[PDB]
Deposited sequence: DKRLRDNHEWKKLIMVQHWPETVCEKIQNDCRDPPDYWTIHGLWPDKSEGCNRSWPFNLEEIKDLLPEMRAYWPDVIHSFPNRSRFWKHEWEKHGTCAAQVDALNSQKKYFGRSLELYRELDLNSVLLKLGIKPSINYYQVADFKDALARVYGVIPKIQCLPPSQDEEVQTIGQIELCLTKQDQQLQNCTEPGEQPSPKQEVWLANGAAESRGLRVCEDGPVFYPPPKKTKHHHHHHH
């Protein structure tokens, strides 16, 4: 793999069942994961061990909740993220343990502060549609790199669900990059839904 992708998602869009973390979806973008771009599932002999990240659990519950399957055991999601992505990300010294990977992921989420960025730009959940360019152009100005922005299609207009920012392999600095239904958002109107 060559780069990392910091993936954040909008709970009201991605939530699938009104349970657990999705019963009242958080009203802020949360962490989906920190993913090596081209490799997954790198070490079946290195299982997730919740005990190793015990210190991070309050932050993981707040910022890395399970808002896709919303299983009652929140650690099923983090296990999935570790096994699929973290074992590969551990080739990088800064990410070379469970604690370091998850801790760095949380740090990057704090440093990027996508939630404050959007709000400062005036991009808030609304009944009124935005244009996809509102998100893309404003995030490109703030982060200096082009995000990938992914949507659920109409099941009306597409709904924004996920924002991806690429990061360098060694130091996880912002760089340019160049699913459960999320696809690239089409140019045009997009709904950014206020949580239920």
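Can you list the gaps, numbered from 1 on the deposited sequence, where no C-alpha is modelled? Going by the record, the segments left unmodelled (no C-alpha atoms) fall at 1-9, 165-167, 191-210, 229-238.
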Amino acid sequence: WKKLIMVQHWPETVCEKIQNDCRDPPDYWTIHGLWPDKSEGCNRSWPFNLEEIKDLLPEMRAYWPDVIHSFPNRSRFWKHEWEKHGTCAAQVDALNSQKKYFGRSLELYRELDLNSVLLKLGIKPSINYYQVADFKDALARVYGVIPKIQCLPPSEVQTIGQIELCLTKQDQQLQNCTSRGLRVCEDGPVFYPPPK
From here on, numbers count along this sequence of modelled residues.
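Between 15-23 and 169-177, which has the larger average Cα B-factor in the PDB entry? Between 15-23 and 169-177, it is 169-177.
- Averaged over C-alpha atoms, is the B-factor higher for 123-131 or for 42-50 in this PDB entry? Higher mean C-alpha B-factor in the PDB entry: 42-50.
Margin query: Just the C-alpha B-factor column, please: which of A94, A89, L112, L118 has the biggest number?
Written below: Of the options given, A94 has the highest CA B-factor in the PDB entry.
Top Cα B factor in the deposited entry, candidates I163, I68, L56, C151 = Among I163, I68, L56, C151, the PDB entry lists the largest C-alpha B-factor for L56.
| Lowest, middle or highest third - CA B-factor, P193 | Its C-alpha B-factor, which the entry lists for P193, ranks in the lowest third among residues of this chain.
Where does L139 sit by CA temperature factor within its chain: lowest, middle or highest third? For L139, the deposited C-alpha B-factor lands in the middle third.
message = Which third, lowest, middle or highest, does the C-alpha temperature factor of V145 belong to within its own chain?
response = Its C-alpha B-factor belongs to the middle third of this chain's values.
Compared with the other modelled residues in the chain, in which third is the CA B-factor of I31? Ranked within chain, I31 CA B lands in the lowest tercile.
Original post:
Which third of the chain holds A62 when residues are ordered by C-alpha B factor: lowest, middle or highest?
Top reply: Within its chain, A62 is a middle-third residue by C-alpha B-factor, going by the deposited values.
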